[PDB]
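Derivation of every value follows stated rules applied to the coordinates shown; laboratory data play no part. Methodologically, a virtual Cβ is constructed for each residue, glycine included, from the backbone with ideal geometry; neighbour enumeration extends over all protein chains shown.
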Amino acid sequence: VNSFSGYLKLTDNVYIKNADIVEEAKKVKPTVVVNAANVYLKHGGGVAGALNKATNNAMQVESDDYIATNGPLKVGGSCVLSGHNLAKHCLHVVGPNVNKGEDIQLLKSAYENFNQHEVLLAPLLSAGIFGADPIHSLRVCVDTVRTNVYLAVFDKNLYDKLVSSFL
Ligand SMILES: OC[C@H](Nc1ncnc2[nH]ccc12)[C@@H]1CCc2ccccc21
């Protein structure tokens with residue numbers, strides 16, 4: 001039993017809600033919140049900008065030190081950093097940005113990172129300003145993640161579309 005509230009069960013291990021991941025994190029303080037990151041951990045907009053702003057830019061400061069030491073992530077890759085005031089940990093996961101010309105097959109690789117964590121609060125990877133088909137992202141999530149994932153989808157209209165079209 002966990003403290004996630006009001007989620008619609010989709011499969012054995014995947015749950016979904018129409019919510020801002022930042023607000024879900026502020027309320028639940030999960031062990032792991034997933035950021036929809038880019039390879040440079042430059043948290044400008046979307047999920048990343050919203051999470052970072054909620055940390056008063058501490059996420060960005062920590063991320064800049066990470067990159068200075070380790071260099072960029074891979075598309076499809078991840079790193080674990082602090083969750084600051086939002087969660088114990090933040091799993092920064094890089095889904096392909098098809099507006100940047102990146103390979104959609106890497107979306108499965110991106111979701112595989114979730115399997116290293118028993119429970120996660122996560123956004124829909126590669127959706128939104130990352131440009132991919134959100135129905136596709138949800139399908140890849142369900143078919144790839146085996147651990148318990150609570151998906152927060154900000155946009156009400158797309159949430160309604162995601163639920164109504166889910167197979
Ligand atoms: O609603 C669309 C959804 N954005 C969010 N989902 C949940 N909490 C959120 N809080 C702020 C935004 C946001 C998709 C998922 C990945 C991504 C990256 C950039 C923009 C949009 C998106």
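Couple of notes before you dig in:
- Out-of-range pairs (alpha-carbon distance over 25 Å; input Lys53/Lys108; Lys17/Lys53; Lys29/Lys100; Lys27/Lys74; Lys42/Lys74): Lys53/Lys108; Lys29/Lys100; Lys27/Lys74
- Considering only the chain, percent of DSSP beta bridges that pair antiparallel, nearest 5: 30 percent
- Each peptide among 70-80, 35-45, 157-167 gets the average number of other Cβ atoms lying within 10 Å of its residues, and from highest to lowest they stand as 35-45, 70-80, 157-167.
- Ordering of 51-62, 6-17 by packing [mean C-beta count within 10 Å, highest first]: 51-62, 6-17
- Residues with amide H under 5 Å from that of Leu151, placed H, sequence gap 5 or more: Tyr15, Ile16, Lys17, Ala122
- Potential lengthening between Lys108 and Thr147 on full extension [0.36 nm per residue; Cα-Cα distance subtracted]: 12.6 nm
- Cα extents of the chain along the three principal axes, largest first (Å): 43, 35, 28
- Residue-wise HN-Hα couplings along the stretch 99-109, as the Karplus relation 6.51 cos²θ - 1.76 cosθ + 1.60 with θ = phi - 60° gives them from phi, are 5, 8, x, 9, 6, 5, 4, 5, 5, 5, 4 Hz; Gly and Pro carry x.
- Between the stretch 68-89 and the stretch 135-150, the C-alpha centres lie 20 angstrom from each other.
- At q = 0.17, 0.19, 0.25, 0.26 Å⁻¹ the log10 of I(q)/I(0) for the stretch 53-104 amounts to -0.61, -0.73, -1.01, -1.04, computed by Debye summation with a single uniform scatterer per C-alpha, solvent ignored.
- Potential lengthening between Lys88 and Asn157 on full extension [0.36 nm per residue; Cα-Cα distance subtracted]: 21.8 nm
- Pairwise FRET efficiency - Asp65 versus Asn115, Cβ, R0 = 30 Å, nearest 0.05: 0.65
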